[PDB]
>>> print(open('final-v4.cif').read())   # mmCIF, C-alpha atoms and all ligand atoms
data_structure
loop_
_atom_site.label_atom_id
_atom_site.label_comp_id
_atom_site.auth_asym_id
_atom_site.auth_seq_id
_atom_site.Cartn_x
_atom_site.Cartn_y
_atom_site.Cartn_z
CA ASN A 1 152.95 134.12 34.64
CA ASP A 2 153.55 137.88 34.87
CA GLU A 3 152.52 138.76 31.31
CA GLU A 4 149.46 136.75 32.45
CA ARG A 5 148.50 137.82 36.02
CA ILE A 6 148.33 141.47 34.85
CA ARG A 7 145.90 140.59 32.01
CA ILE A 8 143.61 138.72 34.43
CA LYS A 9 143.90 141.89 36.53
CA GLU A 10 142.69 144.21 33.74
CA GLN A 11 139.69 141.94 33.27
CA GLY A 12 139.12 141.86 37.03
CA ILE A 13 138.92 145.64 37.38
CA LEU A 14 136.54 146.14 34.45
CA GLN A 15 134.34 143.28 35.61
CA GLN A 16 134.03 144.58 39.20
CA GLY A 17 133.51 148.13 37.90
CA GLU A 18 130.84 146.60 35.70
CA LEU A 19 129.24 144.97 38.77
CA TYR A 20 129.21 148.29 40.66
CA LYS A 21 127.50 149.98 37.72
CA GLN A 22 124.76 147.28 37.59
CA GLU A 23 123.83 147.31 41.26
CA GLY A 24 124.27 151.09 41.03
CA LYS A 25 126.98 151.71 43.67
CA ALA A 26 128.65 154.99 42.52
CA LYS A 27 130.63 155.48 45.78
CA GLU A 28 132.50 152.20 45.44
CA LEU A 29 133.21 152.83 41.79
CA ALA A 30 134.70 156.27 42.60
CA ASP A 31 136.80 154.34 45.03
CA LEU A 32 137.75 151.77 42.44
CA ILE A 33 139.08 154.50 40.17
CA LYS A 34 141.13 155.99 43.01
CA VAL A 35 142.43 152.53 44.07
CA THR A 36 143.45 151.26 40.63
CA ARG A 37 145.79 154.23 40.10
CA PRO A 38 148.97 152.61 41.49
CA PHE A 39 148.26 149.56 39.29
CA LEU A 40 148.10 151.55 36.07
CA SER A 41 151.86 152.13 36.13
CA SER A 42 152.54 148.44 35.39
CA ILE A 43 151.01 148.63 31.85
CA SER A 44 151.60 150.64 28.67
CA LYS A 45 150.42 154.29 28.62
CA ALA A 46 148.04 153.15 25.85
CA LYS A 47 146.47 150.22 27.74
CA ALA A 48 146.28 152.55 30.73
CA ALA A 49 143.92 155.04 29.04
CA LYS A 50 141.77 152.21 27.70
CA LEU A 51 141.20 151.11 31.28
CA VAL A 52 140.65 154.58 32.79
CA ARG A 53 138.41 155.68 29.90
CA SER A 54 136.39 152.50 30.17
CA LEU A 55 135.70 153.05 33.88
CA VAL A 56 134.73 156.71 33.79
CA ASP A 57 132.28 155.65 31.05
CA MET A 58 130.90 153.23 33.57
CA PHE A 59 130.59 156.06 36.13
CA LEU A 60 128.86 158.44 33.77
CA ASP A 61 126.04 156.01 32.85
CA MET A 62 124.85 155.78 36.41
CA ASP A 63 122.59 158.71 37.33
CA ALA A 64 125.21 159.41 40.00
CA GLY A 65 124.32 163.10 40.36
CA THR A 66 125.63 165.54 37.73
CA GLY A 67 127.82 167.35 40.28
CA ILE A 68 129.40 164.11 41.51
CA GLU A 69 129.83 163.05 37.87
CA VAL A 70 131.47 166.35 36.93
CA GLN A 71 133.69 166.15 40.00
CA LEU A 72 134.91 162.65 39.24
CA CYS A 73 135.89 163.88 35.76
CA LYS A 74 137.77 166.98 36.99
CA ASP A 75 139.47 164.61 39.45
CA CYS A 76 140.67 162.15 36.79
CA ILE A 77 141.80 164.98 34.48
CA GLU A 78 143.65 166.58 37.40
CA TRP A 79 145.27 163.23 38.17
CA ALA A 80 146.12 162.64 34.48
CA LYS A 81 147.90 166.04 34.33
CA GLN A 82 149.74 165.48 37.67
CA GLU A 83 150.93 162.29 35.98
CA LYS A 84 151.78 163.58 32.45
CA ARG A 85 149.49 161.22 30.48
CA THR A 86 148.60 163.82 27.87
CA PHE A 87 146.65 161.75 25.29
CA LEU A 88 144.46 160.33 28.09
CA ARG A 89 144.08 163.72 29.80
CA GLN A 90 142.89 165.19 26.51
CA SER A 91 140.48 162.32 25.82
CA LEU A 92 139.18 162.61 29.35
CA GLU A 93 138.66 166.33 28.78
CA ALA A 94 136.69 165.44 25.61
CA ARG A 95 134.45 163.13 27.68
CA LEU A 96 133.92 166.01 30.09
CA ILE A 97 132.80 168.34 27.28
CA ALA A 98 130.26 165.68 26.30
CA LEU A 99 129.02 165.50 29.92
CA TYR A 100 128.63 169.31 30.16
CA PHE A 101 126.60 169.20 26.93
CA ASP A 102 124.22 166.39 27.94
CA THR A 103 123.81 168.34 31.19
CA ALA A 104 122.92 171.69 29.62
CA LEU A 105 126.05 173.11 31.25
CA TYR A 106 126.79 175.01 28.02
CA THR A 107 129.04 177.94 28.92
CA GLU A 108 131.56 175.48 30.39
CA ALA A 109 131.11 173.04 27.52
CA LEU A 110 132.44 176.00 25.50
CA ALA A 111 135.23 177.07 27.90
CA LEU A 112 136.83 173.62 27.99
CA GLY A 113 136.17 173.12 24.30
CA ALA A 114 138.03 176.37 23.66
CA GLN A 115 141.04 175.04 25.58
CA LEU A 116 141.25 171.51 24.15
CA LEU A 117 141.12 172.72 20.53
CA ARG A 118 144.17 174.98 20.82
CA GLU A 119 145.99 171.82 21.95
CA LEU A 120 144.45 169.45 19.41
CA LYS A 121 144.98 171.71 16.40
CA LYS A 122 148.77 171.70 16.97
CA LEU A 123 148.95 167.88 16.54
CA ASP A 124 148.52 164.79 14.28
CA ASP A 125 145.71 162.15 14.17
CA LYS A 126 142.80 164.55 13.97
CA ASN A 127 140.18 161.94 15.05
CA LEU A 128 139.67 163.60 18.39
CA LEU A 129 139.64 167.07 16.85
CA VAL A 130 136.59 166.02 14.85
CA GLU A 131 134.83 164.87 18.08
CA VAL A 132 135.43 168.28 19.60
CA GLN A 133 134.56 170.46 16.60
CA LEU A 134 131.24 168.62 16.13
CA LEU A 135 130.70 168.90 19.88
CA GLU A 136 131.20 172.64 19.55
CA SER A 137 128.74 172.84 16.68
CA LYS A 138 126.24 171.03 18.93
CA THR A 139 126.74 173.29 21.91
CA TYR A 140 126.65 176.50 19.91
CA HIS A 141 123.37 175.40 18.38
CA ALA A 142 122.01 174.48 21.84
CA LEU A 143 122.83 178.10 22.75
CA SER A 144 121.04 179.46 19.60
CA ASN A 145 124.20 180.79 17.94
CA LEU A 146 123.65 179.47 14.38
CA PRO A 147 126.60 181.08 12.55
CA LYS A 148 129.15 179.91 15.12
CA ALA A 149 127.52 176.46 15.07
CA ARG A 150 127.67 176.33 11.27
CA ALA A 151 131.22 177.65 11.53
CA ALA A 152 132.33 174.88 13.87
CA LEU A 153 130.77 172.12 11.76
CA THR A 154 132.45 173.32 8.56
CA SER A 155 135.80 172.92 10.33
CA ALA A 156 134.84 169.40 11.44
CA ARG A 157 133.88 168.25 7.94
CA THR A 158 137.05 169.84 6.53
CA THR A 159 139.14 167.94 9.07
CA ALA A 160 137.22 164.73 8.28
CA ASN A 161 138.24 165.11 4.63
CA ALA A 162 141.86 164.08 5.16
CA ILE A 163 140.84 161.17 7.41
CA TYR A 164 138.44 158.37 6.51
CA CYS A 165 136.08 158.18 9.47
CA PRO A 166 134.12 155.42 11.20
CA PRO A 167 130.44 155.31 10.11
CA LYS A 168 129.27 156.58 13.54
CA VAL A 169 131.42 159.71 13.20
CA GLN A 170 130.33 160.22 9.59
CA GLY A 171 126.76 159.58 10.68
CA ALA A 172 126.92 162.29 13.36
CA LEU A 173 128.40 164.75 10.80
CA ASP A 174 125.50 164.14 8.47
CA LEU A 175 123.03 164.43 11.32
CA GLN A 176 124.48 167.83 12.19
CA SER A 177 124.47 169.22 8.65
CA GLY A 178 120.94 167.82 8.54
CA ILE A 179 119.96 169.63 11.78
CA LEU A 180 121.58 172.90 10.70
CA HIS A 181 120.09 173.35 7.25
CA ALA A 182 116.73 172.71 8.90
CA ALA A 183 117.30 174.99 11.90
CA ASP A 184 116.87 178.32 10.05
CA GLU A 185 113.79 176.76 8.32
CA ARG A 186 115.59 177.49 5.12
CA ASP A 187 116.87 174.46 3.28
CA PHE A 188 114.75 171.46 4.08
CA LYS A 189 115.64 170.11 0.59
CA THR A 190 119.34 169.50 1.14
CA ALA A 191 118.81 169.04 4.89
CA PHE A 192 116.92 165.96 3.78
CA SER A 193 119.96 164.71 1.75
CA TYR A 194 122.17 164.77 4.81
CA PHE A 195 119.60 162.98 6.92
CA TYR A 196 119.40 160.35 4.20
CA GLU A 197 123.16 159.99 4.05
CA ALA A 198 123.10 159.77 7.88
CA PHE A 199 120.39 157.11 7.75
CA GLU A 200 122.19 155.14 5.04
CA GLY A 201 125.33 155.44 7.20
CA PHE A 202 123.84 154.44 10.61
CA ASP A 203 121.83 151.49 9.29
CA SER A 204 123.02 148.15 10.81
CA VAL A 205 125.70 150.05 12.74
CA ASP A 206 123.89 152.28 15.31
CA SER A 207 120.15 151.85 14.91
CA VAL A 208 118.96 154.44 17.43
CA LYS A 209 120.86 157.04 15.44
CA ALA A 210 119.51 155.18 12.39
CA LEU A 211 115.89 155.68 13.56
CA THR A 212 116.57 159.33 14.50
CA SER A 213 117.85 160.13 10.95
CA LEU A 214 114.87 158.41 9.33
CA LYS A 215 112.54 160.35 11.63
CA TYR A 216 114.24 163.56 10.65
CA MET A 217 114.08 162.63 6.95
CA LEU A 218 110.33 162.43 7.48
CA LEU A 219 110.25 165.72 9.32
CA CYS A 220 111.86 167.51 6.37
CA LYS A 221 109.59 165.82 3.91
CA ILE A 222 106.56 167.08 5.90
CA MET A 223 108.14 170.53 6.25
CA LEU A 224 108.51 170.69 2.47
CA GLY A 225 104.77 169.99 2.05
CA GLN A 226 105.84 166.76 0.37
CA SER A 227 104.15 164.49 2.93
CA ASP A 228 102.71 162.23 0.16
CA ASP A 229 106.26 160.99 -0.39
CA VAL A 230 106.31 159.92 3.32
CA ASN A 231 104.49 156.60 2.79
CA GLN A 232 106.68 155.31 -0.09
CA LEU A 233 109.74 156.06 2.06
CA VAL A 234 108.50 154.11 5.07
CA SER A 235 107.18 151.48 2.63
CA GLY A 236 110.64 150.64 1.15
CA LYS A 237 112.37 147.33 2.09
CA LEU A 238 114.82 148.94 4.60
CA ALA A 239 112.57 151.39 6.48
CA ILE A 240 109.83 148.89 7.55
CA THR A 241 112.37 147.28 9.94
CA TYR A 242 112.20 150.56 11.89
CA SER A 243 108.52 150.46 12.87
CA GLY A 244 107.73 152.10 16.22
CA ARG A 245 106.05 155.01 17.96
CA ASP A 246 108.43 157.59 16.49
CA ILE A 247 107.51 156.52 12.93
CA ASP A 248 103.81 156.37 13.89
CA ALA A 249 104.00 160.01 15.00
CA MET A 250 105.43 161.19 11.65
CA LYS A 251 103.00 159.06 9.62
CA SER A 252 100.24 160.53 11.74
CA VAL A 253 101.37 164.10 11.21
CA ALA A 254 101.95 163.46 7.48
CA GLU A 255 98.32 162.21 7.50
CA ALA A 256 96.94 165.35 9.22
CA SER A 257 98.77 167.28 6.57
CA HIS A 258 97.46 165.33 3.61
CA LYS A 259 93.96 165.67 5.15
CA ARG A 260 94.54 169.40 5.88
CA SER A 261 93.21 168.96 9.37
CA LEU A 262 94.30 171.03 12.34
CA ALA A 263 92.08 168.92 14.61
CA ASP A 264 94.08 165.86 13.59
CA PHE A 265 97.37 167.65 14.09
CA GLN A 266 96.29 168.65 17.63
CA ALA A 267 95.26 165.03 18.18
CA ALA A 268 98.69 163.79 16.98
CA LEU A 269 100.66 166.30 19.05
CA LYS A 270 99.03 165.02 22.24
CA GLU A 271 98.97 161.23 21.60
CA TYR A 272 102.59 161.46 20.53
CA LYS A 273 103.67 164.09 23.08
CA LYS A 274 106.89 162.08 23.66
CA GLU A 275 107.82 161.44 20.07
CA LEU A 276 107.21 164.99 18.83
CA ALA A 277 106.89 167.92 21.21
CA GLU A 278 109.67 166.50 23.43
CA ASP A 279 112.08 165.95 20.52
CA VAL A 280 114.29 169.07 20.58
CA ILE A 281 114.58 169.12 16.79
CA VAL A 282 110.94 168.39 15.93
CA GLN A 283 109.73 170.85 18.67
CA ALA A 284 111.75 173.48 16.79
CA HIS A 285 109.45 173.26 13.79
CA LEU A 286 106.17 172.67 15.54
CA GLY A 287 105.54 176.41 15.81
CA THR A 288 105.59 177.10 12.12
CA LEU A 289 104.19 173.69 11.29
CA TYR A 290 101.18 174.72 13.41
CA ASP A 291 100.76 177.73 11.08
CA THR A 292 100.78 175.60 7.95
CA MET A 293 98.14 173.33 9.38
CA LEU A 294 95.96 176.31 10.26
CA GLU A 295 96.31 177.82 6.78
CA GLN A 296 95.74 174.48 5.00
CA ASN A 297 92.65 173.78 7.05
CA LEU A 298 91.37 177.29 6.37
CA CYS A 299 92.00 176.77 2.65
CA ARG A 300 90.26 173.44 2.86
CA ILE A 301 87.19 175.06 4.60
CA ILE A 302 87.19 178.04 2.19
CA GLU A 303 87.67 175.93 -0.94
CA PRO A 304 84.04 175.41 -2.10
CA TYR A 305 83.14 179.08 -1.63
CA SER A 306 83.54 182.11 -3.80
CA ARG A 307 82.33 184.03 -0.82
CA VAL A 308 81.91 182.80 2.77
CA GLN A 309 80.81 184.03 6.22
CA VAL A 310 83.69 184.35 8.66
CA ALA A 311 81.46 182.86 11.40
CA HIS A 312 81.01 179.84 9.12
CA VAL A 313 84.77 179.36 8.76
CA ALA A 314 85.20 179.84 12.50
CA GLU A 315 82.58 177.24 13.53
CA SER A 316 84.12 174.97 10.92
CA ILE A 317 87.63 175.20 12.31
CA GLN A 318 86.30 175.68 15.83
CA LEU A 319 88.23 178.83 16.91
CA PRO A 320 87.11 182.20 18.27
CA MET A 321 86.25 184.44 15.36
CA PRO A 322 88.23 187.47 16.48
CA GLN A 323 91.19 185.21 16.00
CA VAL A 324 90.10 183.65 12.71
CA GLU A 325 89.54 187.04 11.06
CA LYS A 326 93.01 188.08 12.18
CA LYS A 327 94.52 185.03 10.50
CA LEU A 328 92.75 185.37 7.17
CA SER A 329 93.55 189.04 6.90
CA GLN A 330 97.16 188.07 7.46
CA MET A 331 97.01 185.54 4.66
CA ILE A 332 95.56 188.14 2.36
CA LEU A 333 98.20 190.71 3.36
CA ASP A 334 101.07 188.22 2.89
CA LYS A 335 99.92 187.09 -0.61
CA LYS A 336 99.22 183.64 0.95
CA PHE A 337 95.60 183.81 -0.25
CA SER A 338 93.73 185.46 -3.06
CA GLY A 339 90.67 187.20 -1.52
CA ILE A 340 89.40 190.23 0.49
CA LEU A 341 87.40 190.83 3.66
CA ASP A 342 84.15 192.67 4.44
CA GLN A 343 85.05 193.53 8.09
CA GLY A 344 81.57 195.04 8.12
CA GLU A 345 79.00 192.23 7.55
CA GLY A 346 81.63 189.56 8.38
CA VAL A 347 82.48 188.07 5.04
CA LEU A 348 85.41 186.84 3.07
CA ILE A 349 85.49 187.17 -0.65
CA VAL A 350 87.47 184.70 -2.74
CA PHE A 351 89.06 185.45 -6.16
CA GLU A 352 89.47 183.19 -9.23
CA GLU A 353 93.18 182.02 -9.04
GD GD A 401 125.03 157.92 -0.48
GD GD A 402 106.81 163.74 -4.48
GD GD A 403 98.18 157.54 24.40
GD GD A 404 73.42 193.56 5.31
#
>>> encode(input="final-v4.cif", output="structure tokens", more="lines below")
Ligand SMILES: [Gd+3]
Ligand SMILES: [Gd+3]
Ligand SMILES: [Gd+3]
Ligand SMILES: [Gd+3]
Amino acid sequence: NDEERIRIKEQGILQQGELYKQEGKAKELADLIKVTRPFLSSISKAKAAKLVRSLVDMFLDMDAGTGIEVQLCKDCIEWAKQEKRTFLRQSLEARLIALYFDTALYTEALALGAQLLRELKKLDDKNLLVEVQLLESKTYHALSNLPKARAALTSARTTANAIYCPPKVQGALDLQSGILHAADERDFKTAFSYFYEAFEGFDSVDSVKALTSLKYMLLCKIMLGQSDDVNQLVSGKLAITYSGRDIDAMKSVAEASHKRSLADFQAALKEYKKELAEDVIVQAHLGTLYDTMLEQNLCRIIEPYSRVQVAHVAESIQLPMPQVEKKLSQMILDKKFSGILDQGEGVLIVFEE
């Protein structure tokens, strides 16, 4: 009866907290957290955290107002400390770091991260340490500090060597390595391998992450100029399943690339504004991707000529000529093209490769 009426109670609380979340009543849920506190002392420290963690998770998926969200976390952490529930305090603090990150509150996502690690490093069961090291790698990268983001991730993967992780943890580790080889625009080749490991690892487990990895595999393939490969990849038995607007964007960019068409690439950037320009990681490579498209299109226009009017190239790509001259002279300077320019009577000469 008493091993029983407490179990029905745990259900009760979660279920009502669940109901508050659905009809979006943040105030009452903040109250539910405050009110359940006495109760928590009648169950194991371990079952306790489970409950408290579960509820704050409910609060943070509510659009409750960042400040109110952050408050509620500092409140529960405060309470956890003034109650000596260390494991839970720590795991609450980890959830707060996550919140700061998703909020763009990055200097504090570092400050708390800095604290919690000192603690976590001096202990066993490094599962949480991983969470936090990867979270650091994420936040350092969000702040543009590549070395210290690479540095944090190397730790994480080293920690994850002794343990055997859940696929979703593994997955995130491969997504990060993926992101970070790509970030300096320097190793799209191995960046791709991580994204493929990530994809292989997220597939049938977490399929938003799964889609994201695939998408990024495609990005890299494009970025390598290997956008022919893109079809065969999507084609394969497992990828098809993942059809959507994200995949259509990549296929559509891949296509502009194969066709060497800037006009198509402009078209695809604006039809797929959401899937591309608004994707933090894609958006990172759009700048230099834009260059390749311009160059490729220029090469395509130039290709039949051994000597061509700059005005002709300019009408053909539809850009002001002052600009178009400037670009071609840069390609010549940078050994990106084998020709020379008659600034005088407006002509570009092309040499036998
Ligand atoms: Gd494998
Ligand atoms: Gd190939
Ligand atoms: Gd539209
Ligand atoms: Gd004359």
>>> residues_near_ligand(input="final-v4.cif", ligand="ligand GD 403 (chain A)", cutoff="9 Å", atoms="only C-alpha atoms and all ligand atoms", output="PyMOL selection string")
chain A and resi 270-273
>>> closest_atom_pairs(input="final-v4.cif", of="chain A", to="ligand GD 402 (chain A)", cutoff="9 Å", atoms="all atoms listed in the file", output="CSV")
residue,atom,partner,partner_atom,distance
A:226,CA,A:GD402,GD,5.8
A:227,CA,A:GD402,GD,7.9
A:228,CA,A:GD402,GD,6.4
A:229,CA,A:GD402,GD,5.0
A:230,CA,A:GD402,GD,8.7
>>> closest_residue(input="final-v4.cif", among="A:173, A:313, A:193, A:287", to="ligand GD 401 (chain A)", atoms="only C-alpha atoms and all ligand atoms")
A:193
>>> residues_near_ligand(input="final-v4.cif", ligand="ligand GD 401 (chain A)", cutoff="8 Å", atoms="all atoms listed in the file", output="PDB file with C-alpha atoms, keeping the file's coordinate frame")
ATOM      1  CA  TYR A 196     119.400 160.350   4.200  1.00  0.00           C
ATOM      2  CA  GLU A 197     123.160 159.990   4.050  1.00  0.00           C
ATOM      3  CA  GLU A 200     122.190 155.140   5.040  1.00  0.00           C
TER       4      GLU A 200
END
>>> residues_near_ligand(input="final-v4.cif", ligand="ligand GD 404 (chain A)", cutoff="10 Å", atoms="only C-alpha atoms and all ligand atoms", output="PyMOL selection string")
chain A and resi 344-346
>>> closest_residue(input="final-v4.cif", among="A:283, A:86, A:212, A:36", to="residue 246 in chain A", atoms="only C-alpha atoms")
A:212
>>> closest_residue(input="final-v4.cif", among="A:185, A:207, A:130, A:148", to="residue 163 in chain A", atoms="all atoms listed in the file")
A:130
>>> residues_around(input="final-v4.cif", residues="range 23-28 of chain A", least_positions_apart="5", cutoff="7 Å", atoms="only C-alpha atoms", output="PyMOL selection string")
chain A and resi 59+62+64
>>> residues_around(input="final-v4.cif", residues="range 165-170 of chain A", least_positions_apart="5", cutoff="7 Å", atoms="only C-alpha atoms", output="number ranges by chain")
A: 160, 201-202
>>> write_last_selection(input="final-v4.cif", atoms="C-alpha atoms", output="PDB file, in the frame of the given file")
ATOM      1  CA  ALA A 160     137.220 164.730   8.280  1.00  0.00           C
ATOM      2  CA  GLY A 201     125.330 155.440   7.200  1.00  0.00           C
ATOM      3  CA  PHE A 202     123.840 154.440  10.610  1.00  0.00           C
TER       4      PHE A 202
END
>>> residues_around(input="final-v4.cif", residues="residue 225 in chain A", least_positions_apart="5", cutoff="9 Å", atoms="only C-alpha atoms", output="list in words")
residues 220, 254, 257 and 258 of chain A
>>> decode(input="final-v4.cif", residues="range 146-241 of chain A", atoms="C-alpha atoms", output="PDB file, in the first residue's frame")
ATOM      1  CA  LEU A 146      38.437  27.091 -33.375  1.00  0.00           C
ATOM      2  CA  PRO A 147      41.549  25.854 -31.514  1.00  0.00           C
ATOM      3  CA  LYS A 148      39.810  25.855 -28.123  1.00  0.00           C
ATOM      4  CA  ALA A 149      36.802  24.152 -29.746  1.00  0.00           C
ATOM      5  CA  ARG A 150      39.017  21.505 -31.338  1.00  0.00           C
ATOM      6  CA  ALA A 151      40.820  21.237 -28.001  1.00  0.00           C
ATOM      7  CA  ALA A 152      37.625  20.563 -26.073  1.00  0.00           C
ATOM      8  CA  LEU A 153      36.387  17.938 -28.529  1.00  0.00           C
ATOM      9  CA  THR A 154      39.662  15.995 -28.434  1.00  0.00           C
ATOM     10  CA  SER A 155      39.197  15.668 -24.669  1.00  0.00           C
ATOM     11  CA  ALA A 156      35.623  14.441 -25.162  1.00  0.00           C
ATOM     12  CA  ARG A 157      36.593  11.733 -27.651  1.00  0.00           C
ATOM     13  CA  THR A 158      39.489  10.684 -25.407  1.00  0.00           C
ATOM     14  CA  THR A 159      37.100  10.346 -22.470  1.00  0.00           C
ATOM     15  CA  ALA A 160      34.634   8.425 -24.673  1.00  0.00           C
ATOM     16  CA  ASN A 161      37.379   5.888 -25.403  1.00  0.00           C
ATOM     17  CA  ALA A 162      37.262   4.240 -21.977  1.00  0.00           C
ATOM     18  CA  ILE A 163      33.450   4.189 -21.993  1.00  0.00           C
ATOM     19  CA  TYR A 164      31.231   2.643 -24.658  1.00  0.00           C
ATOM     20  CA  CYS A 165      28.678   5.337 -25.426  1.00  0.00           C
ATOM     21  CA  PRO A 166      25.028   5.392 -26.498  1.00  0.00           C
ATOM     22  CA  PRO A 167      24.607   5.942 -30.273  1.00  0.00           C
ATOM     23  CA  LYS A 168      23.196   9.469 -29.712  1.00  0.00           C
ATOM     24  CA  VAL A 169      26.341  10.511 -27.814  1.00  0.00           C
ATOM     25  CA  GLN A 170      28.597   8.862 -30.406  1.00  0.00           C
ATOM     26  CA  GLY A 171      26.498  10.471 -33.112  1.00  0.00           C
ATOM     27  CA  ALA A 172      26.982  13.957 -31.644  1.00  0.00           C
ATOM     28  CA  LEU A 173      30.766  13.341 -31.385  1.00  0.00           C
ATOM     29  CA  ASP A 174      30.917  12.461 -35.052  1.00  0.00           C
ATOM     30  CA  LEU A 175      28.762  15.441 -35.946  1.00  0.00           C
ATOM     31  CA  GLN A 176      31.196  17.714 -34.110  1.00  0.00           C
ATOM     32  CA  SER A 177      34.370  16.288 -35.669  1.00  0.00           C
ATOM     33  CA  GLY A 178      32.422  16.589 -38.919  1.00  0.00           C
ATOM     34  CA  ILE A 179      31.583  20.276 -38.249  1.00  0.00           C
ATOM     35  CA  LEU A 180      35.132  21.117 -37.156  1.00  0.00           C
ATOM     36  CA  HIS A 181      37.133  19.677 -40.029  1.00  0.00           C
ATOM     37  CA  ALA A 182      34.762  21.576 -42.303  1.00  0.00           C
ATOM     38  CA  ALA A 183      34.838  24.843 -40.344  1.00  0.00           C
ATOM     39  CA  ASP A 184      38.340  25.966 -41.420  1.00  0.00           C
ATOM     40  CA  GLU A 185      37.369  24.937 -45.017  1.00  0.00           C
ATOM     41  CA  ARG A 186      40.328  22.634 -44.832  1.00  0.00           C
ATOM     42  CA  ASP A 187      39.488  18.962 -44.651  1.00  0.00           C
ATOM     43  CA  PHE A 188      36.170  18.309 -46.307  1.00  0.00           C
ATOM     44  CA  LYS A 189      37.479  14.791 -47.148  1.00  0.00           C
ATOM     45  CA  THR A 190      37.692  13.402 -43.633  1.00  0.00           C
ATOM     46  CA  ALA A 191      34.956  15.767 -42.418  1.00  0.00           C
ATOM     47  CA  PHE A 192      32.789  13.705 -44.735  1.00  0.00           C
ATOM     48  CA  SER A 193      33.879  10.434 -43.002  1.00  0.00           C
ATOM     49  CA  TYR A 194      32.685  11.682 -39.644  1.00  0.00           C
ATOM     50  CA  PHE A 195      29.377  12.844 -41.055  1.00  0.00           C
ATOM     51  CA  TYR A 196      28.974   9.396 -42.578  1.00  0.00           C
ATOM     52  CA  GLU A 197      29.808   7.683 -39.305  1.00  0.00           C
ATOM     53  CA  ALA A 198      27.324  10.090 -37.634  1.00  0.00           C
ATOM     54  CA  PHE A 199      24.666   9.258 -40.220  1.00  0.00           C
ATOM     55  CA  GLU A 200      25.292   5.520 -39.925  1.00  0.00           C
ATOM     56  CA  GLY A 201      25.067   5.985 -36.139  1.00  0.00           C
ATOM     57  CA  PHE A 202      21.878   8.125 -35.959  1.00  0.00           C
ATOM     58  CA  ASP A 203      19.893   6.063 -38.472  1.00  0.00           C
ATOM     59  CA  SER A 204      16.785   4.441 -36.864  1.00  0.00           C
ATOM     60  CA  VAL A 205      17.788   5.979 -33.520  1.00  0.00           C
ATOM     61  CA  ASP A 206      17.445   9.796 -33.874  1.00  0.00           C
ATOM     62  CA  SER A 207      16.350  10.624 -37.401  1.00  0.00           C
ATOM     63  CA  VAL A 208      16.473  14.425 -37.213  1.00  0.00           C
ATOM     64  CA  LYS A 209      20.141  14.113 -36.320  1.00  0.00           C
ATOM     65  CA  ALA A 210      20.205  11.377 -38.980  1.00  0.00           C
ATOM     66  CA  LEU A 211      18.901  13.807 -41.653  1.00  0.00           C
ATOM     67  CA  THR A 212      21.275  16.572 -40.470  1.00  0.00           C
ATOM     68  CA  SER A 213      24.347  14.283 -40.905  1.00  0.00           C
ATOM     69  CA  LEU A 214      23.214  13.178 -44.362  1.00  0.00           C
ATOM     70  CA  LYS A 215      22.677  16.817 -45.313  1.00  0.00           C
ATOM     71  CA  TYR A 216      26.141  17.651 -44.110  1.00  0.00           C
ATOM     72  CA  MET A 217      27.611  14.658 -45.964  1.00  0.00           C
ATOM     73  CA  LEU A 218      26.133  16.255 -49.071  1.00  0.00           C
ATOM     74  CA  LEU A 219      27.494  19.660 -48.177  1.00  0.00           C
ATOM     75  CA  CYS A 220      31.040  18.288 -48.007  1.00  0.00           C
ATOM     76  CA  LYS A 221      30.624  16.391 -51.212  1.00  0.00           C
ATOM     77  CA  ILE A 222      29.573  19.642 -52.953  1.00  0.00           C
ATOM     78  CA  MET A 223      32.390  21.553 -51.241  1.00  0.00           C
ATOM     79  CA  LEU A 224      34.874  19.023 -52.621  1.00  0.00           C
ATOM     80  CA  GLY A 225      33.586  19.663 -56.173  1.00  0.00           C
ATOM     81  CA  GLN A 226      32.446  16.044 -56.111  1.00  0.00           C
ATOM     82  CA  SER A 227      28.749  16.868 -56.556  1.00  0.00           C
ATOM     83  CA  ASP A 228      28.316  14.090 -59.180  1.00  0.00           C
ATOM     84  CA  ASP A 229      28.661  11.608 -56.322  1.00  0.00           C
ATOM     85  CA  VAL A 230      25.648  13.342 -54.645  1.00  0.00           C
ATOM     86  CA  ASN A 231      22.971  11.482 -56.641  1.00  0.00           C
ATOM     87  CA  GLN A 232      24.315   7.928 -56.058  1.00  0.00           C
ATOM     88  CA  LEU A 233      24.423   8.719 -52.324  1.00  0.00           C
ATOM     89  CA  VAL A 234      20.810   9.880 -52.140  1.00  0.00           C
ATOM     90  CA  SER A 235      19.933   7.034 -54.533  1.00  0.00           C
ATOM     91  CA  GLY A 236      21.113   4.234 -52.161  1.00  0.00           C
ATOM     92  CA  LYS A 237      18.521   2.053 -50.332  1.00  0.00           C
ATOM     93  CA  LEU A 238      18.899   3.865 -46.949  1.00  0.00           C
ATOM     94  CA  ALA A 239      19.011   7.539 -47.991  1.00  0.00           C
ATOM     95  CA  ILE A 240      15.751   7.611 -50.055  1.00  0.00           C
ATOM     96  CA  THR A 241      13.787   7.197 -46.773  1.00  0.00           C
TER      97      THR A 241
END
